[PDB]
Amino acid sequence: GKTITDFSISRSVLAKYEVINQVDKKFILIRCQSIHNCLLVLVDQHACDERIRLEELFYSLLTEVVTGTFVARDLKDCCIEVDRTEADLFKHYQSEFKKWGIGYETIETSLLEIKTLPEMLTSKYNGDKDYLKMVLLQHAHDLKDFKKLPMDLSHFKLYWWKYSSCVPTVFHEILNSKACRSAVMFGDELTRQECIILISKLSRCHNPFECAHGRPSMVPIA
């Protein structure tokens, strides 16, 4: 049994780090024997909290989707005009859309009758049938163009990150925004205990080295 040794090194680094204290109400200064590629690192507090929050948000969504417990609010009188090919595209992926709480029926120039929407998307679309059309088309084209693979529910712990790519962009964007808004900000007061909990939780994240929007969460200063 052979494994790529470089994947294990990155994870073990942050696990061997002690918190110094908050710096300028914007960072958390941390400190790392056996120094191959690991001393002083400045962690962006907002990016740190946002990262913990996002992975918690992704884990929730995917556990809900996998187990078939993803809430789908009933939508009344919602019909959108679609092309012949667009009506065919939706007819094909109707089963795949149902996995995300997007329940609809294809009628017939043609039309799209949305019966259900997940509360997450019901809130975002906010009665805009054009936004809802653009967003469903976006995912349908992603599936078609192999830019996003379908959800494999043929499997009976849960690793959300092994189903992370399957998440439609619209949901990805929504969760990024929720994480960002709920996250601690620059200028906010953090106690050493608060900093310890944040860095402890961040080290338990699948990807601790970047925020929700793909920018770095920490910078080494030594």
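Just count from 1 along the sequence shown to find any residue number.
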Gap at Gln33 across at least one third of the other PDB entries: yes
Extent of unmodelled deposited sequence, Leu75 relative to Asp74: none
Unmodelled deposited residues between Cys38 and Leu39, binned: 1 to 3
Mean C-alpha B-factor comparison - 48-56 and 65-73, higher one: 65-73
Mean C-alpha B-factor comparison - 157-165 and 170-178, higher one: 157-165
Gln138, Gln94, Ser110, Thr122, ranked by C-alpha B-factor: the highest one: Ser110
C-alpha B-factor winner, where the candidates are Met151, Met134, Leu143, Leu117: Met151
Where the record places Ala222 (Cα B-factor, split into thirds across the chain): highest
For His213, the third of its chain into which the C-alpha B factor falls: middle
Ranked C-alpha temperature factor of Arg11 among modelled chain residues, by third: highest
